[PDB]
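> output the structure for:
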Amino acid sequence: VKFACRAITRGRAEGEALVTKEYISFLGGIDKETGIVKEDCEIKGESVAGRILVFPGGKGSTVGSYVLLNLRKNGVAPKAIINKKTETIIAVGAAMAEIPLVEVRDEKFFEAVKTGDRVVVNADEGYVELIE
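Residues are numbered from 1 along each chain as shown. Shown next is the structure:
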């Protein structure tokens with residue numbers, strides 16, 4: 001299945017799909033240099049370096065436009081991020097860090113995407129290709 005989403009930034013990324021489930025925003029959560037998720041949800045302790053991150057949304061979202069770039073220049077940032085309801089501050093950060101950001105309107109994406117499989121994020125077209 002390949003869904004069409006609403007793209008803010010462009011570019012295309014290939015990585016393993018990681019779903020954190022909870023509403024965590026870029027207020028923090030990830031170590032700025034180490035790229036380790038220090039925030040608690042379930043998959044706490046791993047790195048987001050070079051994989052695909054899926055979030056429904058994030059509480060607060062008061063900050064994060066700067067951290068995305070810092071993580072990216074460390075190489076410990078996620079390749080792409082898919083949201084159901086994203087934030088403008090996220091879009092700005094993703095644009096500078098070259099992190100294809102797309103917003104999906106259908107819940108079926110979150111039902112299909114589970115941590116472990118492969119999702120091809122094409123923000124050029126605005127598409128998320130789930131490749132088994």
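> which residues does the biggest strand by length in the chain contact?
Assignment by DSSP state E gives strand 12-19 as the longest strand of the chain. Surrounding strand 12-19, the residues in contact under the criterion Cβ atoms under 8 Å, 6 or more residues apart in numbering are 43, 46, 48, 50-54, 78-80, 99-100, 110, 113-124, 130. Where C-beta positions appear, they are placed from N, C-alpha and C, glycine not excepted.
> 7 Å instead?
With Cβ atoms under 7 Å, 6 or more residues apart in numbering as the test, strand 12-19 has contacts from 43, 48, 50-54, 79-80, 100, 113-124.
> do stretch 97-115 as well
Contacts of stretch 97-115 (Cβ under 7 Å, 6+ apart): 1, 3, 5-13, 17-19, 43, 54, 56, 68-69, 72, 77-78, 80-86, 90-91, 94, 119, 121, 123, 126, 128, 130.
> span of it from start to end?
23 Å (Cα to Cα, to the nearest Å).
> buried residues in it, which are they?
97-104, 109-110, 113, 115 (16 or more other Cβ atoms under 10 Å).
> need the contact list for residue 39.
24, 28-29 are the contacts of residue 39 under Cβ under 7 Å, 6+ apart.
> run the last query once more with 10 Å
Counting by Cβ atoms under 10 Å, 6 or more residues apart in numbering, residue 39 makes contact with 20, 22, 24-25, 27-31.
> one more: residue 49?
So residue 49 contacts 15, 30, 34-36, 71, 74-79 (Cβ under 10 Å, 6+ apart).
> from the contacts of residue 39, which is closest to residue 63?
Nearest to residue 63 among the contacts of residue 39: residue 27, at 5.6 Å, using Cβ to Cβ.
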